[PDB]
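In structure tokens, the next block holds one chain alone, the form deposited in one PDB entry.
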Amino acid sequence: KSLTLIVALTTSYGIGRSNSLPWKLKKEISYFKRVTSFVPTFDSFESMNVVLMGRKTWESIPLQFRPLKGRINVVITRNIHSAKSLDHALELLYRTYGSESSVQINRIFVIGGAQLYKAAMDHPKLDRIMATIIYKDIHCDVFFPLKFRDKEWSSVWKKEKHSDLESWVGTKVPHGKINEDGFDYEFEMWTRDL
């Protein structure tokens, strides 16, 4: 099964500031909730998505939102499911939600932070980035680890047609720039060959 990473980052790959998001974007939060908690209509009795996150990200989420509803949550920590790496998480999942289980696994998302992102980009099953691009240079102190939208990575990572994005996330997604509270930002989907 493939992994998908989902992130919102600035044109300078900023993702974070002071253990939180440096923007308060209500429509971006909804896209995130929607993409990660969406499952092919016919499977939706059985099927559930998984959200894999680092311990720091786990701790950053306002309590009212933990665990993230309607998704299987696994926190990765070297020391709610906990596993010690991405692959341990995958073994826990297959073992726990085995054909003998009534909950089934649809898509598995890596939702942050930088350290987990870095491991997910190293993972041979990761082939898709759902990137929210924020066209401002907001000060940040945590950064996305690999510059997948830059020249150096452009033979590996390709940005897909907007209609391919909508086909994947299964609904109309705004095209182009959305303005909210001082920010322009745009939804993208990038893939690479496995």
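Shifts are known only where both forms have a C-alpha. Think of the rigid core as the biggest set of C-alphas that the two forms share within 1.5 Å after superposition. So that there is no doubt, residue numbering starts at 1 and follows the sequence shown.
Quick note: we don't show the form deposited in another entry, though the next part is all about it.
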item	value
Only residue that shifts (Cα, 2 Å or more, rigid core superposed) between the shown form and the other one, among 20, 171, 11, 179	20
CA of residue 135, rigid core aligned, shift of 2 Å or more between the shown form and the other one	no
Flag for residue 44, CA shift 2 Å or larger between the shown form and the other one after aligning core	yes
Note on residue 19-residue 181 C-alpha separation in the other form, which departs from the shown form by 3 angstroms or more	closer
Residue pair residue 171, residue 42 - Cα distance in the other form, closer or farther (3 Å or more)	farther
Once both forms are overlaid on the core, stretches between the shown form and the other one of 3 or more residues with C-alpha shifts of 2 Å or more	17-21, 40-45
